[PDB]
Colleague: 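The following block contains the structure, expressed as structure tokens.
Only heavy atoms go into these numbers, but all of them, side chains included; no hydrogens, no water, no symmetry mates. Residue numbers start at 1 and run along the sequence shown. Note that ligands are numbered from 1 as they come in the structure, with each ligand's atoms numbered from 1 the same way.
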Amino acid sequence: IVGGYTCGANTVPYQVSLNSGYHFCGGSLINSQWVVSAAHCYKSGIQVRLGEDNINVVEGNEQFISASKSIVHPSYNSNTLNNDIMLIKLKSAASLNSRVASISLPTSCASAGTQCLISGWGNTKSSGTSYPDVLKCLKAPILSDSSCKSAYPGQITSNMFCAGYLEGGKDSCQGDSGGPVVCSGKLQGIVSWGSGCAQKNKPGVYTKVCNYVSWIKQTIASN
Ligand SMILES: COc1cccc(CN)c1
Ligand SMILES: [Ca+2]
């Protein structure tokens with residue numbers, strides 16, 4: 001997260017870190033045994049880490065649970081990043097509490113202008129590299145489809161939305177991938193892609209979660 005703020009420990013209780021020896025992606029807890037992330041975060045040997053603030057220190061509220069299975073969206077295209085969504089099932093159910101909690105799926109798609117919360121442990125610099133160890137947060141509006149399409153000609157599908165600031169300076173970044181965009185207490189987006197971070201006229205692009213609710217529910221119900 002570039003240009004954000006320190007969230008505060010366990011203030012984003014649905015935020016998870018995906019760890020394969022090291023943090024590589026964010027995700028969102030959507031019930032006691034399932035996480036939603038980006039398809040481009042797919043790999044083997046994933047451990048889900050819940051209740052994290054400082055990802056380098058065991059602070060006392062963590063639950064570490066290995067993934068039993070990952071399910072990448074059947075229509076995911078890694079070139080265009082269309083359908084950039086994947087489900088991860090936990091080997092055992094997380095113990096839910098005030099600091100480890102699921103986030104509700106949307107019943108409706110959020111409109112342009114809606115304020116949302118984007119969070120992650122990604123890079124905090126727009127040039128060069130610095131990784132925070134504590135969770136960072138950014139409040140950002142959803143942008144209009146037209147402004148999003150104008151920013152990225154030929155690349156925005158009906159399964160994507162832009163959020164952030166056309167002026168730059170505030171954005172998601174490398175390592176935030178797969179993490180939440182939450183608006184009015186619902187998971188509306190997943191950190192997917194962009195052109196660099198916090199650059200003028202290159203806002204972050206997010207997977208449009210409201211398009212996948214049926215797939216998520218049906219997949220969970222049979223797996
Ligand atoms: C360039 O790497 C990125 C990864 C995730 C999200 C974003 C959005 N600026 C960028
Ligand atoms: Ca920790």
Colleague: Does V191 approach ligand 1 within less than 4.0 angstrom via side chain, backbone, both or neither, non-hydrogen atoms only?
Modeller: side chain
Colleague: Ring-plane angle category for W215 and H73, please: parallel below 30°, perpendicular beyond 60°, tilted otherwise.
Modeller: tilted
Colleague: Given side chain to side chain donor-acceptor pair (under 3.5 Å), test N223 with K69 step by step and report yes or no.
Modeller: CA-CA 9 Å; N223 288 278; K69 81 189 301 176; 3.0 Å; yes
Colleague: Between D84 and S192, which heavy-atom pair has the shortest distance, and what is it?
Modeller: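 Taking every non-hydrogen atom into account, OD2-OG, 2.6 Å.
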Colleague: If I take every N, O or S atom of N54, is at least one of them less than 3.0 Å from the Ca ion (ligand 2)?
Modeller: yes
Colleague: Looking only at heavy atoms, is any part of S195 under 4.0 Å from ligand 1, and if so is it the side chain, the backbone, or both, or is it neither?
Modeller: neither
Colleague: According to side chain to side chain contact (heavy atoms under 4.5 Å, CB included), who are the partners of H23, at least two apart in sequence or on a separate chain?
Modeller: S17, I55, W121
Colleague: Considering only heavy atoms of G196, which atoms of ligand 1 have at least one such atom less than 4.0 Å away?
Modeller: 1 (C), 9 (N), 10 (C)
Colleague: Rounded to the nearest 0.5 Å, what's the gap from OG on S75 to CD1 on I85? Could you check?
Modeller: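 Here the rounded value is 11.5 Å.
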Colleague: Which ligand 1 atoms are under 4.0 Å away from a heavy-atom of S177?
Modeller: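 By the 4.0 Å cutoff, the relevant atoms are 4 (C), 5 (C).
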Colleague: Applying the side-chain contact (heavy atoms from CB on, under 4.5 Å) test to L187, which of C210, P180, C116, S104 qualifies?
Modeller: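 Only match with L187 under side-chain contact (heavy atoms from CB on, under 4.5 Å): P180.
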Colleague: Please say whether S192 places an N or O atom under 3.5 Å from an N or O atom belonging to ligand 1.
Modeller: no
Colleague: Please work out which of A38, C173, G175, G194 has its closest non-hydrogen atom nearest to atom 4 (C) of ligand 1.
Modeller: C173
Colleague: Between the candidates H40, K202, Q174, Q199, which shows the shortest non-hydrogen contact distance to atom 2 (O) of ligand 1?
Modeller: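 Ranked by closest heavy atom to atom 2 (O) of ligand 1, first place is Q174.
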Colleague: Are any of the heavy atoms in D171 under 4.0 Å away from ligand 1?
Modeller: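 A heavy atom of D171 does come that close to ligand 1.
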Colleague: Determine which of the N, O or S atoms in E52 is closest to the Ca ion (ligand 2) and give its atom name.
Modeller: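 Among the N, O or S atoms of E52, the one closest to the Ca ion (ligand 2) is OE1.
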Colleague: What are the two closest heavy atoms between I118 and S172, and how far apart are they?
Modeller: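 Closest approach of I118 to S172: CG2-CB, 4.3 Å.
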Colleague: One pair to check against side chain to side chain donor-acceptor pair (under 3.5 Å): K136 and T124. What are the steps and the verdict?
Modeller: CA-CA 9 Å; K136 296 282 172 175; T124 62; over 6 Å; no
Colleague: Looking at the Ca ion (ligand 2), is one of the N, O or S atoms of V57 less than 3.0 Å from it?
Modeller: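 Given the 3.0 Å cut-off, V57 counts as a ligand of the Ca ion (ligand 2).
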Colleague: Nearest to the Ca ion (ligand 2), which N, O or S atom of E62 do we find?
Modeller: OE2
